[PDB]
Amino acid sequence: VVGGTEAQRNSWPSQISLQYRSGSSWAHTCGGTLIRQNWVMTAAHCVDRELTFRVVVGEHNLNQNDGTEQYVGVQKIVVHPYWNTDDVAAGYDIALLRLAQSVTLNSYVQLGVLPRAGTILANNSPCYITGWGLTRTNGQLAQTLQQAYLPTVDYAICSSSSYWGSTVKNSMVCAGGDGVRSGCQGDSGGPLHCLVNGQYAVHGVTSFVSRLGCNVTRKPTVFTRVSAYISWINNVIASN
(Lines of atoms letter the chains of each structure in order from A and count residues from 1; the text may use other names and numbers.)
(Lines give C-alpha, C1' and ligand atoms only; values in the text may rest on other atoms or scores of the structure.)
Protein backbone atom coordinates (compact mmCIF):
# COMPACT_ATOMS: atom_id res chain seq x y z
CA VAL A 1 0.00 0.00 0.00
CA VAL A 2 1.42 3.33 -1.17
CA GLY A 3 0.39 6.36 0.90
CA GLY A 4 -1.09 4.30 3.71
CA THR A 5 -1.14 4.58 7.47
CA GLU A 6 -0.49 1.78 9.96
CA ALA A 7 -3.71 -0.07 10.78
CA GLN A 8 -4.74 -0.58 14.38
CA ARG A 9 -4.10 -4.31 15.10
CA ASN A 10 -7.82 -5.08 15.64
CA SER A 11 -9.26 -3.01 12.74
CA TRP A 12 -9.26 -5.62 9.94
CA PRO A 13 -9.39 -9.06 11.60
CA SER A 14 -10.33 -10.87 8.34
CA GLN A 15 -7.05 -9.85 6.64
CA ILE A 16 -4.60 -12.72 6.13
CA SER A 17 -1.01 -12.98 4.89
CA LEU A 18 -0.52 -15.59 2.17
CA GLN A 19 3.07 -16.82 2.30
CA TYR A 20 5.19 -19.29 0.35
CA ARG A 21 8.09 -21.42 1.50
CA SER A 22 11.51 -20.03 0.44
CA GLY A 23 14.40 -22.35 1.57
CA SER A 24 14.00 -22.63 5.43
CA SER A 25 11.92 -19.44 5.65
CA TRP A 26 8.45 -18.13 4.60
CA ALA A 27 7.89 -15.04 2.41
CA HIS A 28 4.74 -12.94 2.23
CA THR A 29 3.43 -12.83 -1.32
CA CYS A 30 -0.23 -11.76 -1.19
CA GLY A 31 -3.18 -10.87 0.98
CA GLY A 32 -6.46 -12.65 1.43
CA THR A 33 -9.70 -12.55 3.39
CA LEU A 34 -10.76 -15.21 5.88
CA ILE A 35 -14.36 -16.10 4.86
CA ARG A 36 -14.87 -19.35 6.84
CA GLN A 37 -12.80 -20.74 9.71
CA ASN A 38 -11.21 -23.05 7.07
CA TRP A 39 -11.52 -20.94 3.85
CA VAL A 40 -9.64 -17.92 2.50
CA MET A 41 -10.56 -15.80 -0.52
CA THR A 42 -7.64 -14.46 -2.55
CA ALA A 43 -6.69 -13.60 -6.14
CA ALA A 44 -6.18 -16.44 -8.64
CA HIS A 45 -2.96 -14.85 -9.87
CA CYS A 46 -1.48 -15.18 -6.34
CA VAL A 47 -1.57 -19.00 -6.57
CA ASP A 48 -0.45 -19.36 -10.24
CA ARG A 49 3.00 -20.56 -9.05
CA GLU A 50 3.50 -24.24 -8.00
CA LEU A 51 4.64 -23.14 -4.50
CA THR A 52 4.02 -24.40 -0.98
CA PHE A 53 1.59 -21.88 0.65
CA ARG A 54 0.54 -21.13 4.19
CA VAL A 55 -1.91 -18.60 5.63
CA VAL A 56 -1.24 -16.44 8.67
CA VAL A 57 -4.28 -15.07 10.55
CA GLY A 58 -3.92 -12.64 13.45
CA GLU A 59 -0.86 -11.15 11.71
CA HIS A 60 0.12 -7.49 12.21
CA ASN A 61 3.91 -7.29 11.82
CA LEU A 62 5.39 -9.71 9.26
CA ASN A 63 8.82 -9.35 10.99
CA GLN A 64 7.92 -9.52 14.76
CA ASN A 65 5.94 -11.71 17.13
CA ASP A 66 2.53 -10.16 17.64
CA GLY A 67 1.39 -12.79 20.17
CA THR A 68 -1.81 -13.30 18.10
CA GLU A 69 -0.79 -15.26 14.97
CA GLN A 70 -2.08 -18.65 13.87
CA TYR A 71 -0.16 -20.38 11.04
CA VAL A 72 -2.03 -22.88 8.88
CA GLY A 73 -1.23 -24.88 5.74
CA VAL A 74 -3.23 -24.62 2.51
CA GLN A 75 -4.88 -28.05 1.79
CA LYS A 76 -6.76 -27.26 -1.47
CA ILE A 77 -6.66 -24.42 -4.01
CA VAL A 78 -9.79 -23.80 -6.14
CA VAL A 79 -9.16 -21.15 -8.81
CA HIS A 80 -12.09 -19.77 -10.79
CA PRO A 81 -12.35 -22.05 -13.83
CA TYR A 82 -12.46 -19.09 -16.32
CA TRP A 83 -9.19 -17.57 -14.92
CA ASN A 84 -6.41 -17.12 -17.49
CA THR A 85 -2.97 -16.06 -16.14
CA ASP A 86 -2.06 -14.52 -19.58
CA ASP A 87 -5.24 -12.23 -19.39
CA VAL A 88 -5.70 -10.53 -15.97
CA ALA A 89 -7.89 -7.89 -17.80
CA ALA A 90 -10.41 -10.65 -18.65
CA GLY A 91 -11.24 -10.93 -14.93
CA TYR A 92 -12.04 -14.03 -12.90
CA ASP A 93 -9.07 -13.15 -10.65
CA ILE A 94 -10.34 -15.07 -7.59
CA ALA A 95 -9.43 -18.27 -5.79
CA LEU A 96 -10.54 -20.07 -2.65
CA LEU A 97 -8.06 -21.78 -0.31
CA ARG A 98 -9.22 -24.57 1.99
CA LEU A 99 -7.05 -24.48 5.16
CA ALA A 100 -5.63 -27.70 6.71
CA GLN A 101 -7.17 -26.73 10.13
CA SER A 102 -9.98 -24.41 11.19
CA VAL A 103 -8.64 -21.26 12.82
CA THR A 104 -9.88 -19.95 16.20
CA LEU A 105 -11.80 -16.61 16.09
CA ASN A 106 -11.03 -13.67 18.44
CA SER A 107 -10.62 -9.86 18.15
CA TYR A 108 -7.68 -10.48 15.75
CA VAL A 109 -9.25 -13.28 13.68
CA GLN A 110 -12.79 -12.88 12.24
CA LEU A 111 -14.67 -13.78 9.10
CA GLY A 112 -14.94 -11.12 6.44
CA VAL A 113 -18.49 -10.04 5.62
CA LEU A 114 -19.24 -10.20 1.89
CA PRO A 115 -21.78 -8.05 0.08
CA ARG A 116 -25.16 -9.31 -1.18
CA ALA A 117 -24.90 -10.68 -4.75
CA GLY A 118 -25.08 -7.99 -7.45
CA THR A 119 -24.33 -5.03 -5.13
CA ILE A 120 -22.61 -2.10 -6.90
CA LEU A 121 -21.29 0.86 -4.93
CA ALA A 122 -22.12 4.46 -5.82
CA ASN A 123 -19.26 6.43 -7.33
CA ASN A 124 -16.88 7.81 -4.66
CA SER A 125 -17.96 5.33 -1.96
CA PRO A 126 -15.69 5.22 1.09
CA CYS A 127 -13.34 2.22 1.17
CA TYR A 128 -9.99 1.20 2.62
CA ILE A 129 -7.42 -1.11 1.00
CA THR A 130 -5.30 -3.06 3.49
CA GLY A 131 -2.11 -5.03 3.07
CA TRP A 132 1.62 -5.50 3.51
CA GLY A 133 2.48 -4.71 -0.11
CA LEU A 134 5.13 -2.32 -1.34
CA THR A 135 5.01 1.16 0.16
CA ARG A 136 6.36 2.77 -3.02
CA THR A 137 6.46 1.72 -6.67
CA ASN A 138 9.51 -0.58 -6.97
CA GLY A 139 9.92 -0.34 -3.17
CA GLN A 140 9.67 -2.94 -0.43
CA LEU A 141 6.97 -4.65 1.59
CA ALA A 142 5.59 -3.00 4.71
CA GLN A 143 6.45 -4.56 8.07
CA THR A 144 3.13 -3.54 9.67
CA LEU A 145 -0.31 -3.84 8.09
CA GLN A 146 -1.14 -0.65 6.16
CA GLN A 147 -4.48 0.89 5.21
CA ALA A 148 -5.24 3.58 2.64
CA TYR A 149 -8.50 5.42 1.99
CA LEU A 150 -9.43 4.69 -1.67
CA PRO A 151 -12.86 5.93 -2.75
CA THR A 152 -14.53 3.89 -5.52
CA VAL A 153 -14.44 4.99 -9.16
CA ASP A 154 -17.58 3.63 -10.88
CA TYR A 155 -17.46 1.50 -14.04
CA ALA A 156 -18.50 4.38 -16.38
CA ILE A 157 -15.56 6.55 -15.23
CA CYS A 158 -13.04 3.72 -14.66
CA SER A 159 -13.63 2.24 -18.14
CA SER A 160 -13.36 5.72 -19.86
CA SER A 161 -10.36 6.41 -22.10
CA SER A 162 -8.47 8.71 -19.61
CA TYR A 163 -8.72 5.94 -16.95
CA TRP A 164 -8.46 2.20 -17.75
CA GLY A 165 -10.59 1.96 -20.93
CA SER A 166 -11.67 -1.58 -21.98
CA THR A 167 -9.02 -3.08 -19.59
CA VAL A 168 -11.64 -2.80 -16.78
CA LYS A 169 -14.79 -4.92 -16.81
CA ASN A 170 -18.03 -4.65 -14.85
CA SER A 171 -16.85 -7.74 -12.89
CA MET A 172 -14.24 -5.42 -11.27
CA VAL A 173 -14.27 -2.56 -8.76
CA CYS A 174 -11.93 0.40 -9.19
CA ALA A 175 -10.81 2.53 -6.23
CA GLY A 176 -8.42 5.41 -5.74
CA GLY A 177 -6.46 6.81 -8.66
CA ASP A 178 -5.43 10.07 -6.86
CA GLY A 179 -1.67 9.56 -7.65
CA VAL A 180 -0.75 9.33 -3.92
CA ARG A 181 -2.57 6.29 -2.47
CA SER A 182 -2.87 2.84 -4.02
CA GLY A 183 -2.41 -0.85 -3.78
CA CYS A 184 0.97 -2.23 -4.85
CA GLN A 185 2.75 -5.54 -5.35
CA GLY A 186 2.15 -7.78 -2.33
CA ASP A 187 -1.37 -6.36 -1.71
CA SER A 188 -2.90 -8.58 -4.44
CA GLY A 189 -5.51 -10.99 -3.11
CA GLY A 190 -6.34 -8.82 -0.12
CA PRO A 191 -9.53 -6.96 0.68
CA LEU A 192 -11.10 -3.67 -0.28
CA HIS A 193 -13.32 -2.88 2.74
CA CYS A 194 -16.22 -0.54 2.04
CA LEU A 195 -18.53 1.06 4.57
CA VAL A 196 -22.19 0.37 3.64
CA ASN A 197 -25.23 0.87 5.96
CA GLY A 198 -22.81 1.30 8.91
CA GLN A 199 -20.91 -1.97 8.38
CA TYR A 200 -17.65 -2.69 6.51
CA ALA A 201 -17.89 -5.45 3.91
CA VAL A 202 -15.21 -6.87 1.60
CA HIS A 203 -16.28 -5.63 -1.85
CA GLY A 204 -12.98 -6.25 -3.65
CA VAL A 205 -10.09 -8.67 -4.01
CA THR A 206 -7.00 -6.70 -5.07
CA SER A 207 -6.14 -7.71 -8.66
CA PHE A 208 -3.87 -5.21 -10.48
CA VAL A 209 -2.34 -1.77 -10.83
CA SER A 210 -0.76 -0.09 -13.88
CA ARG A 211 2.46 -1.41 -15.41
CA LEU A 212 3.64 2.26 -15.15
CA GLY A 213 3.45 2.24 -11.34
CA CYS A 214 1.30 1.67 -8.27
CA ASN A 215 0.09 5.22 -7.48
CA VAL A 216 -0.61 6.60 -10.98
CA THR A 217 -3.19 9.36 -11.41
CA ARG A 218 -6.35 8.02 -13.20
CA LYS A 219 -5.10 4.39 -12.86
CA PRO A 220 -7.08 3.42 -9.78
CA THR A 221 -6.32 0.09 -8.12
CA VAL A 222 -8.46 -2.65 -9.72
CA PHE A 223 -10.17 -5.34 -7.68
CA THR A 224 -12.25 -8.39 -8.50
CA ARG A 225 -15.86 -7.44 -7.59
CA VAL A 226 -16.77 -9.92 -4.81
CA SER A 227 -20.53 -9.35 -5.32
CA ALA A 228 -20.23 -10.87 -8.83
CA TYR A 229 -18.95 -14.17 -7.35
CA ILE A 230 -21.24 -14.93 -4.39
CA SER A 231 -22.87 -17.93 -6.12
CA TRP A 232 -19.44 -19.28 -7.22
CA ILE A 233 -18.00 -18.90 -3.68
CA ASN A 234 -21.01 -20.63 -2.09
CA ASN A 235 -20.92 -23.45 -4.69
CA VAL A 236 -17.18 -24.11 -4.06
CA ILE A 237 -17.54 -24.17 -0.26
CA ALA A 238 -20.65 -26.43 -0.51
CA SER A 239 -18.82 -28.95 -2.86
CA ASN A 240 -15.46 -29.08 -0.89
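When you see a residue number, it is the position in the sequence shown, counting from 1.
Remark: stretch with higher mean C-alpha B factor among 136 to 144 and 153 to 161 is 153 to 161.
The PDB entry records a higher mean C-alpha B factor for 23 to 31 than for its counterpart among 23 to 31 and 53 to 61. As recorded in the entry, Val88 carries the highest CA temperature factor of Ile129, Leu96, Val88, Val109. Within the group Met172, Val40, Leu212, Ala201, the record's highest C-alpha temperature factor is found at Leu212. In the deposited entry, the Cα temperature factor of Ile237 places it in the highest third of its chain's modelled residues. In the PDB entry, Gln70 places in the middle third of its chain by CA B-factor. In the deposited entry, the Cα temperature factor of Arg225 places it in the lowest third of its chain's modelled residues.
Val180: CA B factor in the middle third of modelled residues in this chain (values from the PDB entry). In this PDB entry, the Cα temperature factor of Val47 sits in the middle third of its chain's modelled residues.
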